[PDB]
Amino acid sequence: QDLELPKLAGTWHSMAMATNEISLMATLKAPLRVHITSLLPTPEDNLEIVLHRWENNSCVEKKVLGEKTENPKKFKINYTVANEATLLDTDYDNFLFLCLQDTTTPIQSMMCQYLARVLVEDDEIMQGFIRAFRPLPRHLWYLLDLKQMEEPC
C-alpha cells in the first residue's frame, strides 16, 4: 500500500476514538475531543482536514491544514496540542485510522480516530483499530465507542 492520497478525499464519519492520555479526550472541552468529517487532499499533496467539535456551548466546524512531509502518511499541523497528523491505515472505501499527535514530548501524546465512509459497525475493523494502537504504543489506552447522533456534533 503506497498511499494514494486522492482516494481518501471526501466525507468520513467517526466510529471510535482512542487516546493514551484520557484528558485529551474525556470532556467535550478536551483538546482532541473532535470529529473529523472530511478530508480534502490538495494538488500540492497537502491535506485539508475538516472537523467538528463542541466549543462555547455549540457545535462548530474547524479547518486544519496539513503540510506534506517526506513521509506520505505524515503531515505537519497546528491544532491545540497536536503538531502532526498521521494516516495510519486505510482501505479507502470503508475505513481510515487517523491520528493527531504531539511529537514534542518524550512520550508522544496522541488521539487516533476510526473513521468510516458509512455508518456500519464492523468487527474486523474495530478489532484492527485496537490492534493498531496496541503493539509499540505499549501503555494503557482509552477507547471511546461512539453512538449515532448522541454526540452533539
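Don't overthink the numbering: it's just position in the shown sequence, from 1.
Enquirer: Should the higher mean CA B-factor in the entry be assigned to 91-99 or to 49-57?
Expert: Higher mean C-alpha B-factor in the PDB entry: 49-57.
Enquirer: Would 139-147 or 6-14 have the larger average of its C-alpha temperature factors, as given in the entry?
Expert: Stretch with the greater average CA B-factor: 139-147.
Enquirer: Name the residue from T27, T86, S38, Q127 with the greatest C-alpha temperature factor listed in the entry.
Expert: Reading the PDB entry, the winner on C-alpha B-factor is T27.
Enquirer: Among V64, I107, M111, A116, single out the one with the highest C-alpha B factor in the record, please.
Expert: Highest CA B-factor of the listed options: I107.
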